[PDB]
Structure formats: structure tokens, C-alpha cells
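What follows is a pair of forms of the same protein chain, given separately as C-alpha cells and numbered structure 1 and structure 2.
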Structure 1
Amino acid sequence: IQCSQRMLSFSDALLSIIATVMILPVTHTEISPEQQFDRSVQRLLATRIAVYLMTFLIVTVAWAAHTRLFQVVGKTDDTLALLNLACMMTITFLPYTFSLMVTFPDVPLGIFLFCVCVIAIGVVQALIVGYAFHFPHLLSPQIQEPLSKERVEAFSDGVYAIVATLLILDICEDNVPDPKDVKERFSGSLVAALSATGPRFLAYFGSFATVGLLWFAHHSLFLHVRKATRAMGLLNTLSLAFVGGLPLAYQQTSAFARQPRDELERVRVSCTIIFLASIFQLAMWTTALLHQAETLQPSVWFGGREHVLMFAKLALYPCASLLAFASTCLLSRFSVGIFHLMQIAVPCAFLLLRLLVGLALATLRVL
């Protein structure tokens, strides 16, 4: 008899890594063709994004099945650990098989391999269930539809870390000046070759800041959560799926625009991605408020001390993104500056959120 906490943490890390594999082809796509071939590049980008979304949803369904499986199975052991490793190895083949099926939809080998992988996952899970039932001491006490908050938190942390570190990984792997180019194309100057990669550094800064603030909101929310429901799970899944598109948005934004309208369009896309990623968390919070009596702590109830604080912490990014989208639509001249000032201020607001909330409450107090 052994504790299964670390095994489930490792499984969550593996699944979070496997769910964000189809987002690398997205971030590795050309920022622009520079040869008036925008149509084909956008076609391929949209196809890759759809494939990423579908693979993420499938891996999340698998992760939920795993969480239920190990919720009915309390304690683990050596054999159960090896079977869980086998299940993870089987799940690792879902993205490849799905991409193969969607790329060759005419030949039946792709769907065959996909169904084979699914049946293998199911068979491993059934073997785990059988081993757990043959040894009743490996079952939960209640055995001898709320999700597990620990698994949700671990999955979200892994996804956020990967999405925040994608760009720095790409930089460290690829954007390192080489002596030849440094002293040939930049006239013997390292500072020039480093400044040439300024846009990527700024994109990484912005993506990391945004992802970290979203994770901060998520962590402040789930600190007052008692029972995670399946609707909250779906909403968090959608939020995490739309969070993987922040690196691409920032890459496009930091890229030099061929025409002034492309800058506005890219800012709109980035603001929409952020708005979705944050409004899904806000929807999770509202669905929790629906049954706060059995979903949230008394501190964030209707009338608590940290209720308005959490409201604002979760509605800051959606409101800012909506205002930026409007400025892009209505003003259309000061949109980039507004977006940059939002990027620079939202962190400051998160830091001084309590003072601003108090000031606003005092403003509504005597008015």
C-alpha cells in the first residue's frame, strides 16, 4: 500500500505535456509569407489550430477518465504504477494518430490506428480496475460527479508553465547569435545582433506576463474552491485550450506590420484570445457562485469580504480586452498604444488591486 499523490502528479504532468504538443506547429508557422501568399499560410494556420483544439479536447477527455479511474481507486502499488505508465504511454499516441487520421481521411489506416489506441487505453484502464477489485485494499473506503481539485490544479499549472515557456525555449534553442553572422552581417558587433532579436524578447516578456497573471487569477480562484464540478471542468478546459494561443498572438503583435491595418487586425485577434481565455474563467467562477453553498468558501460568497476582490481579479482582463477591441474598432488610431499601456498596467492593477477596489467602493459609497 502506497500513496498515489506523486504518481497522479506525474500523470498530470505527462498529460499536460501531451495536450500542448499540437501548439508547437502553430508557433513554428511563418509569421508572414512576405510574398503575398497570406491565404495559404492562413489556411494552414487555421487547420493546425483546429487540430490543436481537437487534440487538446481529446487528451482532456482521457485525463478526466483517468482522474475518475484513480478516484475510484484510492491507493496504488508497483503493479498499478507500471500499468499507469503503460496507460500514459498509450495516451501519448493520441495526437499522432488523430493528426494522421485528419491528414489522410480517405485511407482507413488512420482511423484504425486511432481506434486501436483508444481501445488500448480502455483495456489498460480495465486491467487496472480488475487488479484494484481483486485486491479490495486498493479501493477507496466509500467503495469498499465532482472532479478532483488536485488533478485540475496540476493540469492547469503544467499547461500554463508550458505556454509561458514556449517562447523562451524557442529563443534559447534557435535565437542565439553565431560568431560568423555576428561579425559578418552586423559589422563586428554583438549588441546589434542581440537588439535584432528584440521583438522576440518582447513577445516572450508579454506572453509570460499575461500567462502568469492568468495563472495568478486561477490560483486565487481555486484557493476558495471546495468542490470542482464537471461544468467548471469543461470551462477550465476551454480556458486552457484558448490560453495556448497567447504565444502566437504576441508573436504576431510584436512582428512588424506590412500595412497599418494588419497591426489593428493582429491586436484584435490577441484581444479576442485573451478575452476568451479570461471570460471562461469568469464563467467558471459564476457557475461556482451558482451553488456557492457547496462549491465556494464563505469568504467569496455574495456578501463576503473577498467577493468583490475576486470579481475584479477575474474581470480585469476581460474588461481590458473588450476596451482594447473597442478602441481598435472605434478609435482605430491609438489602438496599439492603448494595447501596450494595458499590457504594462494590468500587472500594476493586479499589484494594487486592493487599493483600487477600496477607492472604487469609496467612490460608490458617497455618490
Structure 2
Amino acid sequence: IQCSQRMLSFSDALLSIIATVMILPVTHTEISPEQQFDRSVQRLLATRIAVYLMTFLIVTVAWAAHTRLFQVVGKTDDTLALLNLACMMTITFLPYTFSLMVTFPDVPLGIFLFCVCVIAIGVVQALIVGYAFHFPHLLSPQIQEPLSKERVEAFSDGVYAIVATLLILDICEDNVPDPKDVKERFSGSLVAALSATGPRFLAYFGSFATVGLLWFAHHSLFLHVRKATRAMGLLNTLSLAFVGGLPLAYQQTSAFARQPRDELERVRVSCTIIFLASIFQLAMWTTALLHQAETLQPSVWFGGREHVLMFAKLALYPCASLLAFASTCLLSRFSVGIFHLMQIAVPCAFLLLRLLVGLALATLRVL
């Protein structure tokens, strides 16, 4: 009998990466001025977004099934480890089946391959369960539907890390200039290319700050969570699904970004993505507050010491993105400036959150 922590952690990392890499087809979508007014390319972009969401949810379902299985397994062995590796191999091939299905929906080949993959996952999991029940010592103590917190945490961490890596790869792809381009612009001057590419560098830091602050909010939330209910897990899955779309909002090399579009439209899309990513974390927090005794620690109970702090932590980004979208809709003049100011201000608010909470609550109490 061996400990099963590392095996499940590796499974979580693999599955998170597999679920998050479904956004790449969306990022690489190409639209040009010649095809700007064509309907097919717009419909294709929309369908690709939908496909990304569906594939993310499928991979998440598979991961949850694996977690429920290894909650009963408990202790792993060499045989069970190899069988879990086979199950991971089977799950990883789902992306290819869905790619085939997307390329050829009417043809039944992709459907058959997807069904065969699901059936292989099923038989492998059934073999693992039968092996564990055959040998009592392997099973968990309780045997011999809240999901486990550690698994959810690992999956979320993997998703966020992959998003950040996508951002930095986009920077590495776009910002670097070519020798011929440098020579044509100026007489072999790279300082000038740096001067021309600085805003891109700063936008990268802004995007990474956004992702890191969202992760910080999620981490602070799950630190205070005694138990994670199934509803909280579903809301977390939705939040992660909409977190995977951040590259679509904060990428320059992406063919998606390189299309005829107005600045206000890009700002609106990015704000909507951020709001959708953060509102589901806020919903997790509220749902946990409903059943505070079981799903939360005493500190974050209603009227607790850190309740207001956590509420502000999780409501900072949603309210800010909603304000940015409202400014885009109403003012129509300073929207981009408001969005950039918010991008650079939300970090500062996070760093000084406790002092702001204190001063605000004190001022409201006095008056």
C-alpha cells in the first residue's frame, strides 16, 4: 500500500492543462478586413467559443469522476497507479475526438471515437474499483457528495498557471522584432523597437496582475472553507471555465485580436470575461455563507472578523469590471482610460484592502 497524494496531484495537473488548452483554437481564429463583413467567420468564432466551453466541462466531468473514485480507493498500488495512468491516457485523447467531431460533425466517425473513449474510461475505472474491492487493505478506512478540497485547489491552480503561461507565450511571440524589421524601421536600432513595444510589456504585467489577483481571491476563499459542497464545486468549475478565456482578452499575437474591431468592443469583451470569471467566485462565497456552519470557518461567518474583508476581496473585481462596462456604454468617450485606470488600480486596492475596509466601515458607522 502506498500513499495516493502525488498520483492524484499529477492527474489533477494533467487534466487541468488538458481542459485549459481547449481555448487555443479560439485564440488562433483569424479574421481579416476582406472577410470582416462575412457571416461565416463570425459564426465560426462564436461556435469555437461554445466548443471550448463544452470541452472544458467534459474534461471537468471526467476529473470529478476520477476524484469520486479515488475517494473510495484511498491507498494506491503499482497496479492501481498504472491503471490510473491508462485512465489519464484515455481522458487525454478526448480532445482529439472532439476535434474530429468539430471538423466533421455530420460524419459519425468522431462520435464513434468519443463513445469508444468514454467506454474505455469506464472499463478502466470499473477494473480499478473491482481491484480495490478485491483487496480490502487498499480501500479507504471509512468503506472498510462533497468533493475533496485539495483536488479542486490543484485543478484551479493548474488552470490559472496555464492561463499565465499562455499570456507570456503570446508576449514572446509578438513583442520580439525581426532583424529585417529593425533595419527597415531604423538604422539597426533595437532601443527604438523597445520604445515602440513598451506598452505591450506593460499590458503583459497588467494581465498577469489580473490573473494573479483572481487566484489570490480564490485562494483566500478556499483557505477559510471548511467543506466544499457540490454546488460550490460547480460554481468553481464555471469560474475556471470563464478564467480560461482571459487570454482571449489579454493577447496581442492571437489572430483573434488581429481583426477589424473597435477599441470599445475589445474593452467590453475583456470586462465581460473578467466579470464572468469573478462573479462565480462571489457566488461560491454566497452559497457557502448560506450554510455557514458546515461550509465555512468561524472567522468568515456573518458578523465575523474577516467576513467584510473576504466580501471586499471577492467583490473588488466584479464591481470594477461592471463599472468599466457601464462607463463604456454611457460615457462613450473616456471608456478606454477608465478601463486602464481600473486595470492598474485594482492591484493597489488589493494591497491596501484592509486599510480601506477599516476607514470605510468606520466612516459609515460614525455617520
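Take the two forms, superpose them, and find the largest set of C-alpha atoms that agree within 1.5 Å; that set is the rigid core. Quick note, the numbers are simply positions in structure 1, starting from 1.
Structures 1 and 2, same chain in two forms; the form whose entry title says "open state" is found in structure 1. Looking at CA displacements between structure 1 and structure 2 with the core superposed, a shift of 2 Å or more is confined, among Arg68, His340, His28, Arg333, to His28. Here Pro136 does not count as shifted, since its C-alpha moves by less than 2 Å between structure 1 and structure 2 after the core is aligned. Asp181 is among the residues whose C-alpha shifts by 2 Å or more between structure 1 and structure 2 once the rigid core is aligned. Comparing the forms between structure 1 and structure 2, the C-alpha position of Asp170 differs by 2 angstroms or more, with the core used for superposition. Relative to the superposed rigid core, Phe37 shifts its CA by 5.1 Å between structure 1 and structure 2. Its Cα shifted by 1.1 Å, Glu265 is compared between structure 1 and structure 2 on a rigid core fit. The rigid core superposition between structure 1 and structure 2 gives a CA shift for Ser99 of 2.2 Å.
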